[PDB]
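Q:
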Amino acid sequence: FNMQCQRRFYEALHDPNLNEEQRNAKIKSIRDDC
């Protein structure tokens, strides 16, 4: 992935303030956009 999307995934992964469902949904949303 391009640097923007790459960093978005990296951040979202390393953000346990989000739980399993929330975090996987975040990754999915970023991946849909990217």
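Residues -11 to 22, numbered by the working numbering, are exactly what the sequence shown covers, in order. Just so you know, even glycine gets a beta-carbon here, dropped at the ideal spot from N, CA and C.
Is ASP3 helix, strand or coil by DSSP?
A: Your numbering for residue 3 matches position 15 in the sequence shown. Note: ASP3 maps to coil in three-state DSSP.
Q: Mapping DSSP to helix, strand and coil, what is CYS22?
A: Looking up residue 22 in the sequence shown gives position 34. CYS22: coil per DSSP, three-state reduction.
Q: How about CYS(-7) and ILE18: are their beta carbons less than 8 Å apart?
A: One-based indexing of the sequence shown puts residue -7 at position 5. One-based indexing of the sequence shown puts residue 18 at position 30. Cβ distance < 8 Å, so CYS(-7) and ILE18 count as in contact.
Q: What do you reckon, are the CB atoms on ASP3 and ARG11 nearer than 8 Å?
A: Translated into positions along the sequence shown, residue 3 becomes position 15. Translated into positions along the sequence shown, residue 11 becomes position 23. Against a cut-off of 8 Å, the Cβ pair of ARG11 and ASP3 comes out as a contact.
Q: Skipping 5 residues on each side, what residues in its chain have a beta carbon closer than 8 Å to that of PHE(-11)?
A: In the sequence shown, counting from the first residue as 1, residue -11 sits at position 1. Closer than 8 Å at Cβ, skipping near neighbours: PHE(-3) and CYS22.
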